[PDB]
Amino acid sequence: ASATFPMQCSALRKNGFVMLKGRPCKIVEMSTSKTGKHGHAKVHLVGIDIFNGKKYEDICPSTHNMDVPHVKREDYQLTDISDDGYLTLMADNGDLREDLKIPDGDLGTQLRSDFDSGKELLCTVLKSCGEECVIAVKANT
């Protein structure tokens, strides 16, 4: 039930998930840099926060592990939007959750409009490291 698991830095790949500075990211760049000439490594890692979009960075030995998030998604059916801007989301087993808000950016605006219209919507919730949010909205019928 851990939120992150070890992986050897030499096993990391571009567009894979990695933890940078406590945030779950997608690796966007990797390269080598500077050592002592007897068997070590400093891999430079860049990654985009999978929720924010912020860019982060760190340096790690090829030999030793990194922390890698479990990243999951689940689809909910959208049934309401409150004045507070919270969504009412219904899981496949019927349970409701109203703790997720209208997402940021263009997605939240589309979501708001499509539901102001008459459309049945599925919201895909991204989940990782104790953080969750709607990342995709898809028409239903």
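Residues carry their position along the shown sequence, with the first being 1.
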{"item": "Stretch with the greater mean C-alpha B-factor as recorded in the entry, comparing 83-91 against 49-57", "value": "49-57"}
{"item": "Segment of higher mean CA temperature factor, 14-22 or 122-130", "value": "14-22"}
{"item": "Candidate residues 37, 70, 97, 73, the one whose C-alpha B factor the record puts highest", "value": "37"}
{"item": "Out of 43, 27, 107, 78, residue topping the C-alpha B-factor column of the entry", "value": "43"}
{"item": "CA B-factor ranking of residue 3, expressed as a third of its chain", "value": "middle"}
